[PDB]
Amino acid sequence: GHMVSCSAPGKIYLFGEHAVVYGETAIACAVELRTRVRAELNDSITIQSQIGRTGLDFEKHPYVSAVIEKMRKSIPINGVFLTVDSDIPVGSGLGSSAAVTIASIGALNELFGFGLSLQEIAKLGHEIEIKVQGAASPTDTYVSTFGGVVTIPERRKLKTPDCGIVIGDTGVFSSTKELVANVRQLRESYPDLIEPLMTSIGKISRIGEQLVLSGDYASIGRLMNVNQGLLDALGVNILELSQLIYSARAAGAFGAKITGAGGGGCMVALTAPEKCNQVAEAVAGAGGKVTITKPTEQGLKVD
C-alpha cells in the first residue's frame, strides 16, 4: 500500500535517421531529458499528465493505456493512479512516446511485482508502440530502456560522449508519418539518385562509430553537419531548423543537425561544456526553445 516512481530518458540521433528504414546504420544517444511515471494503488484506473486527467483513454493517453491493457492480462490490475511528468516535448525525434511507454512499464513492474527484466521491458515496450502506431521500430524503446549510445540495428554500445547537448525546438509540429512518406515517394521518384544518398547516410554512421569510440567530438560534429546536408537533400529540413542549426554552429558548436523525422521539431547541437550557454543563447536568439542537456548511460531507473 504505497507508491512508486520510474523514469526513462529520451534520445537524439547523432547520425542516420530516415535511412534506417532502408537498412542503413544509425547512432542513437540517450540524453538526460526523462519522463517520470509515478504509480499508486487505486480503486479505478486514472492517468493524469500534461493534457489532463483520464481513465483508460486511447485518445489522450494511448501509450499508457496500452501498457495497462497488456500487462493486466498476466497480473490483473483493477485499479492504479499513474501520473506522468516529462521534460521531453511531444513532437520531433526526441522519443517522448517511447520514454513514457518504458517508464509506465517500469512503474507497473515495480508496483505489482511483474518481475520483468530490462530486456523483457524493451521487448514489451516495442509491442506497445506497435499496437498504438500499427507498426513501430524497436529502436526507440530499446534506447530509452538501456540508455547510452546505441547503434541501429546492431545495438552496439558506444562510449557516452563527455559533451553538452543543446536542443533547439522550433515549435513546429514534427509529424513523423508524413515525412517518412515524403522521403519514400522522393526515393521512388528517383531511385538511382536517392538510394545512394541513403548509402551515404549509413556510411556517415559507420565512420562516426569510431569517432564516438575515440571521443573525437570535433570530427563527430563535422560529420553531423554533412549528415544535415543529406537530410536537407531528402526534403525534411525547414527554414526554422536551418536558422537554429546555423546559429548554433556560429556560436561554437562542434556540429548541429536535425534529430528525428525533421519537417519541424528540434535540432541537436553537440557542444563542448564551455560553449553550452552561448550556443543556447544563439539558438534562443534565433527564435528557438532551447534545452541544455547531455548524454546519459542511465536508461530506465527506479526513482
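Just count from 1 along the sequence shown to find any residue number.
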Report summary line: Higher avg CA temperature factor (82 to 90 vs 148 to 156, as deposited) belongs to 82 to 90
**Report entry** Stretch exceeding the other in mean C-alpha B-factor - 224 to 232, 135 to 143
**Finding:** 135 to 143
Query raised in the report: From 62, 255, 265, 55, which pick has the Cα B-factor that tops the rest in the entry?
Result: 265
Report summary line: The third of the chain into which the C-alpha temperature factor of residue 285 falls is the middle
Query raised in the report: How does residue 261 rank on Cα B-factor within its chain, lowest, middle or highest third?
Result: middle
Query - CA B-factor ranking of residue 182, expressed as a third of its chain - result: highest
Query - Chain third (lowest, middle, highest) by recorded CA B-factor, residue given as residue 219 - result: middle
Query raised in the report: Sorting the chain's CA B-factors, does residue 294 end up in the lowest, middle or highest third?
Result: highest
